[PDB]
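Novice:
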Amino acid sequence: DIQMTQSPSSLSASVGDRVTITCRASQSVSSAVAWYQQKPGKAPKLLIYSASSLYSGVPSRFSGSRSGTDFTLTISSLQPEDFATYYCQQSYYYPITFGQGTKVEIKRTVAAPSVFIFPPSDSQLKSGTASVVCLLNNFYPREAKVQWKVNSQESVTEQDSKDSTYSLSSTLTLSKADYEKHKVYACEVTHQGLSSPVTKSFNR
Amino acid sequence: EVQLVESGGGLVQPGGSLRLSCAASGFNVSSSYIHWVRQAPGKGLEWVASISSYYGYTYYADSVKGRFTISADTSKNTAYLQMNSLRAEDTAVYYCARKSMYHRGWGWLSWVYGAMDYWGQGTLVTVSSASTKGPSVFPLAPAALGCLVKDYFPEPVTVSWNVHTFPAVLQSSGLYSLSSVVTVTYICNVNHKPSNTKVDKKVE
Amino acid sequence: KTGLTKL
Amino acid sequence: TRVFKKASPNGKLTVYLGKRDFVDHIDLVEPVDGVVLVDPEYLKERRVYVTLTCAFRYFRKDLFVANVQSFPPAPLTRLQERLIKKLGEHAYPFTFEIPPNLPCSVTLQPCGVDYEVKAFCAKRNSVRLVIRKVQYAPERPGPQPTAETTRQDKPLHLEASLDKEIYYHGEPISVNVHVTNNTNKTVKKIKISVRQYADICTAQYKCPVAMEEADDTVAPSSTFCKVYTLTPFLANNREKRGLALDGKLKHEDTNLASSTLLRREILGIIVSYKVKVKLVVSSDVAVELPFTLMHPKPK
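Residue numbers (the entry's author numbering), protein chains in the order written: chain L, 2 to 151, 159 to 212; chain H, 4 to 145, 155 to 174, 182 to 203, 212 to 231; chain R, 351 to 357; chain A, 6 to 63, 75 to 90, 96 to 131, 140 to 151, 160 to 189, 194 to 242, 246 to 307, 312 to 330, 341 to 357.
1. By the criterion of Cβ-Cβ separation under 7 Å, what are the contact partners of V8(A) in chain R?
2. Name, going along the chain, the residues of the segment 106-117 of chain H whose beta-carbon falls closer than 8 Å to a beta-carbon of chain A.
3. Distance, Cα to Cα, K270(A) vs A184(A)?
4. Between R169(A) and chain R, is there a C-beta pair that is closer than 9 Å?
5. Does DSSP put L278(A) in a helix, in a strand, or in coil?
6. Could you tell me which of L160(H), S20(H), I73(H) sits nearest to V188(H), measuring between CA atoms?
7. Mapping the DSSP letters down to three states, classify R70(H) as helix, strand or coil.
8. Helix, strand or coil for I241(A)? Go by DSSP, reduced to three states.
9. What separation, rounded to the nearest whole angstrom, lies between the Cα atoms of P45(A) and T298(A)?
10. For the segment 121-144 of chain H, which residues have a beta carbon sitting closer than 9 Å to at least one beta carbon of chain L?
11. Taking 8 Å as the limit between beta carbons, can you name the residues of its chain near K136(H), skipping five residues before and five after?
12. How about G69(H): is its C-beta nearer than 9 Å to some C-beta of chain L?
13. Answer with buried or exposed for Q181(A), where buried requires no fewer than 16 other C-beta atoms within 10 angstroms of its C-beta.
14. Alpha carbon to alpha carbon, how far is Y87(L) from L166(A)?
15. According to DSSP, simplified to helix, strand and coil, what is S56(H)?
16. What whole-angstrom Cβ distance do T179(L) and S198(H) have, given they're in contact under 8 Å?
17. Could you work out which residues of chain H lie near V197(L), taking near to mean beta carbons separated by less than 9 Å?
18. With burial defined as no fewer than 16 other Cβ atoms inside 10 Å of the residue's Cβ, what is the status of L203(A): buried or exposed?
19. Enumerate in chain order the residues of its own chain whose CB-to-CB distance from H111(A) is below 7 Å, with the five nearest sequence positions on each side excluded.
20. Determine the extent of the alpha helix (DSSP H) in which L197(A) is found, giving its start and end residues.
21. What does a CB cutoff of less than 6 Å around residue 274(H) pick up in its chain, not counting 5 residues either side in sequence?
22. Going by DSSP, name the residue or residues bridged to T181(L).
23. Give, in chain order, every unbroken run of the beta strand (DSSP E) that is at least 3 residues long and sits entirely within the segment 9-34 of chain H.
24. Who are the near neighbours of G286(A) in its chain, counting only those whose CB is closer than 7 Å to its CB and skipping five residues on each side?
25. Just to confirm before moving on: does the CB-CB distance between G65(L) and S57(L) stay below 9 Å?
26. Could you list which residues in chain H have their beta carbon closer than 9 Å to that of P45(L), in chain order?
27. I want to see whether chain H comes within less than 9 Å of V192(L), judged by CB atoms only; does it?
28. Helix, strand or coil for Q101(L)? Go by DSSP, reduced to three states.
29. Rounding to the nearest angstrom, what Cα-Cα distance links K355(A) and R107(H) in this structure?
30. Since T261(A) sits in a beta bridge, which residues does DSSP pair it with?
31. Would you call the segment 129-145 of chain L and the segment 67-85 of chain H touching, i.e. three or more CB-CB distances under 8 Å?
32. Are residue 152(L) and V20(L) touching if we call contact CB-CB under 9 Å?
33. At which residues does the alpha helix (DSSP H) containing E35(A) begin and terminate?
34. Check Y173(A) in the structure and name its three-state DSSP category.
35. Let me see if you follow: with CB-CB separation under 9 Å, is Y209(A) close to chain H or not?
36. Could you check which residue in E188(L), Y141(L), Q161(L) has the C-alpha nearest to that of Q200(L)?
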């Protein structure tokens, strides 16, 4: 099959930025290419077709170009509303295939996480599954990591509506029996906007 | 106008059966290629299958080769993606689109398969043997303060206070789990319709 | 075979 | 926009066209227009011509073969001037008018009529590009088909009809059936079929594109009224060899040969479609009405 390898997997920009997203077909294609802009959840739209044709109703600023097998979609002045996931699809060889998408985020000043911690509470110990929580509120950019000092799953709220930020709840789940063994627990955040990693800890 | 409507979206146990129906309006299933597209939960797109009744031609994605079957009743002017042998790979939001055969200048362009101009609505097809449960809520106290919902099913769970509800995460137990925190008495209200469950947990 | 271009 | 081009086997002659579908507008025909690239030094016969072959293949008996003197010159078109401007000083245009009362590009499902543009210096000196002479569906709907039959010592008063006459390919025709069996014979079965006849101007046949044999029995001395739906398309006509398929450019898959519109002795093939309501009785009644299946007009 044809892998419509698209890059960048995630780019940052703001209003007016001339944003470019490239996508290369694994095998030769004959202008069978289309660009779909899927917002969060909603049904994918259509942007371009025939690898260069502005589809009806699509904003003019969007435009596709072909230089062999490297189909490029450029938004001359990306607007606040045009932040979604853009996929490239070739209609030449069945089964039809898409890229992997290219989410265009929003840009603002780097801000460090406000990191809070939560130990498992009495009710949770009674239930039988203690989950320690690490909250990383309003931390920019989404690039970051959280390490644990005693499975651990991270829930990352999307780009904060307030101001283009990210939260992240890193929660580590253990059983009541397997949790009492240790005494000091800690979550350490490594972040771009942090001069040094920040560790928040508690004692059982 | 042309519009496709999908039906058949509901919980089905792994290996079960569902019959997604894409009712097409504004065009015959024979003057068009009807495409079923599926997008996983928060993930890049994927095109499921396509069919044209006029030539009776069917094309399938590598993920639904043999498991699914797209046909159509042109008497009703509808297409039918019979989904069999569902699995955790088949969970998604399913959209329906079409590629007409007009605009050749004269008639059918029987080889474009091109851009899927018009898209349906999106029906959520679930695949899980998770008996509808009720959440087990736990508190998280100091400064930040939150409530952690654990071991519920299915989505959605409405968590409110009297401030980021971190996206519900599919826990390995089939049940779900999420957290909702706030930085500053506070009572967290959790609502779960599929089991008609409500909780009001105190955290401090 | 039959070619193709653009004007 | 697009511009089709094709080089000769030796690579010198390049025939340029805009479209490979010429809509045979009822009154007139869309002319074939193009320009051929030529290098005078290569030209050895000193005479390059362009020809339009309207060939009935199966055998091959043409009906309108014309020649245009590309070089030396013995007007020009809007597309031809731009084609020459792109090419330069080594290209020469050619135009063909297709007279009326000529067949429409149509083929028999494995034949039929075909249109080709061939430029040659007069084997290796011949370049051929297919085209299509084809006809859109009529602009406005015609009279509603209707047909009533009587069988008699009591009648079997039957009626069949279709909502309208102009129906595009791959569209469902609605067959309204109205029976009144005053006879003592029970209506064993009802049949609604659609058949395509392709006269070859003389041979013809009757290919049933659509079938619907319903068991809507109407007991003796009783009425009946129903609206069946039959869709004629190529989904199930793959085995039927000889079905009149529409005009092609290559082995591409096309639809049912659009009904041969006419303004009789036109060579080629004349295709038409009829809906037949046949009541099988316990000794079977028939009624029919014709409809014209074609393609729509993009716009």
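All C-beta atoms, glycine included, are put in the ideal place defined by N, C-alpha and C.
Specialist: Concretely, from the data shown:
1. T355, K356, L357
2. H106, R107, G108, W109, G110, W111, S113, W114
3. 15 Å
4. no
5. coil
6. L160(H)
7. coil
8. strand
9. 41 Å
10. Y121, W122, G123, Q124, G125, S139, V140, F141, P142, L143, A144
11. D163, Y164, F165, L194, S222
12. no
13. exposed
14. 40 Å
15. coil
16. 6 Å
17. Result: empty, since nearest Cβ-Cβ is about 14 Å, beyond 9 Å.
18. buried
19. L42, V43, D44
20. Counting along the chain, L197(A) falls outside any alpha helix (DSSP H), though it belongs to the beta strand (DSSP E) covering 197-203.
21. This structure leaves residue 274(H) out entirely; chain H is present only between 4 and 231.
22. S132(L)
23. 20-28
24. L129, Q130, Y249, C251
25. no
26. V40, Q42, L48, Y98, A100, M119, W122
27. no
28. coil
29. 10 Å
30. None, per the DSSP bridge assignment.
31. no
32. Residue 152(L) cannot be located in this model; chain L continues from 151 straight on to 159.
33. Note, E35(A): premise wrong, no alpha helix (DSSP H); not H, not E.
34. coil
35. yes
36. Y141(L)
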